[PDB]
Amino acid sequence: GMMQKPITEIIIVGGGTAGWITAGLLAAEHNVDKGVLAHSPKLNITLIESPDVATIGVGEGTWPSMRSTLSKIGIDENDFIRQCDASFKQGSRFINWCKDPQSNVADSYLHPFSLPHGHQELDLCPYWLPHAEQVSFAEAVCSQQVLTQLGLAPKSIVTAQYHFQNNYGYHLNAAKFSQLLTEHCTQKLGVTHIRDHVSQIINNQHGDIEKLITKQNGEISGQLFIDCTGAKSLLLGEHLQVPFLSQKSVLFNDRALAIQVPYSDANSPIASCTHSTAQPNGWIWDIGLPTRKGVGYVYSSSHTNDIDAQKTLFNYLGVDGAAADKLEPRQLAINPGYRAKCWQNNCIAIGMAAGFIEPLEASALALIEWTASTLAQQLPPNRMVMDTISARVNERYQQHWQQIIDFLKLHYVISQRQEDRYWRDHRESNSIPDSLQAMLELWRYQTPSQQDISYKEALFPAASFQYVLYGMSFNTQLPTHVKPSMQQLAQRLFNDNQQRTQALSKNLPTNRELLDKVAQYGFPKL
């Protein structure tokens, strides 16, 4: 019967990166073999996009997962870079997060995308710990600290598409990316595109969504509905009443003031990483695209008004007077948090419809990729068994969100900043999740490790926690009774990292010099 009917009719409500990444990943996984669309494909995928003009952004970052997403969808890296105003991102550099700023005291550390050297052989972190006053964790275990300081790229012009010398994601223009995906998905992957409004959402007798009545395209029936409607969460949050779990009592930030910033020169250097520079009441992001930068101040309205926040943004930009008066930064207000589940009945939320917080550590596109790829890998056979799959997807989703909140909060909690109430408040226990409190206590006595994560395929590996914890000079009790053989392995791996760093520092291009050649010639396919 109906409950045994294969799930083939898939309706995505909303476009943007959330909707089109979903469409592409689903079509590529089920409907394409060796780049060829099946004559009679498994899935019939329709995307209904509002004809209303979308909110504009000023640049967004990704994780290295995006290389895989693009490749799976079937996008050529040169085409992507050229069409989406993209540059290479090798991690996040955190400036002035640790201490109240002093003019003669450098305060910066890197959270690189590269894993610690020799990670398959030995976790170097506890072997580095005794040497913390002599060398940074990131310098000791990876090459990206040194290479990104030098403004160098993660690969050479001779390196194959999506391959690397050091792991990388991207900085990109999201609207241009959505446009590229619309073209690819509709013209090459067989996705049906409808530009219209949804006037009614109709349920069947069991409370599943059965069909949508559009304003001018009639009734669109389906079996699985993807909510990509953004923060309004029209299907999952509103129609299905899935509760929202506010995380503002942890992160505080509920504002962003954003602006695009031209480079001073047509060939100004492009930064290798996202920059995050701490301020009295939040932090400022700085994302370098080839054509310009995107800058924004994330802040807490319960700590500062908007007038003062704007002044802080303008100070960071180095503008005042008449120059500042011509600037038009854009203000957004949110309740940071996530829906209790991403999948209810036959509806799964992807993107902001599921949750959203400040872009610290760039979780937004990573969650889109995770949710879409997971659905594509776990397409339910039918409605009868769907709840077994949605339950386990929801459990993993809940694990991810707990990890995101805790990981982001970690960045604040271990600061030594004292001058501002905002920073002092971030260290108070009522703002620290119990799960993170437990870790902070444990990590006084041992390094973060894979043992701290119970489940498969975490969004952030233990290394990310190490990079932040020790980037910010957190003290961990030294291991005792260290095994000489392992000390010797560690020393070999430290040496090897040093040698690799030196070799790469002499051979890799700057970002702009590389992007110039990508524009003109491109990376090879193989």
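Numbers for residues come from their place in the sequence shown, where the first is 1.
**Q** Which has higher Cα B-factors on average according to the PDB entry: 476-484 or 45-53?
**A** Per the PDB record, 45-53.
**Q** Comparing 430-438 with 140-148, where is the mean C-alpha B-factor higher?
**A** Between 430-438 and 140-148, it is 140-148.
**Q** Among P130, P380, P448, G230, which carries the highest Cα B-factor?
**A** That would be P130, according to the entry.
**Q** According to the deposited entry, which of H275, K341, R82, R396 has the largest Cα B-factor?
**A** Highest C-alpha B-factor among the listed options: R82.
**Q** Comparing against every modelled residue in the chain, figure out the third that the C-alpha B-factor of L489 lands in (lowest, middle or highest).
**A** As the PDB entry reports it, the C-alpha B-factor of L489 lands in the highest third of its chain.
**Q** Could you look up the Cα B-factor of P116 in the entry and say which third of the chain it sits in: lowest, middle or highest?
**A** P116: CA B-factor falls in the middle third of its chain.
**Q** Among the modelled residues of its chain, does the C-alpha B-factor of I350 lie in the lowest, middle or highest third?
**A** For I350, whose C-alpha B-factor we compare with every modelled residue in the chain, the answer is the lowest third.
**Q** Based on the deposited C-alpha B factors for this chain, I'd like to know if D254 is in the lowest, middle or highest third.
**A** It belongs to the lowest third of the chain when residues are ordered by C-alpha B-factor.
**Q** Can you tell me which third, lowest, middle or highest, the CA B-factor of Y168 falls into for its chain?
**A** Lowest third of the chain for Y168's C-alpha B-factor.
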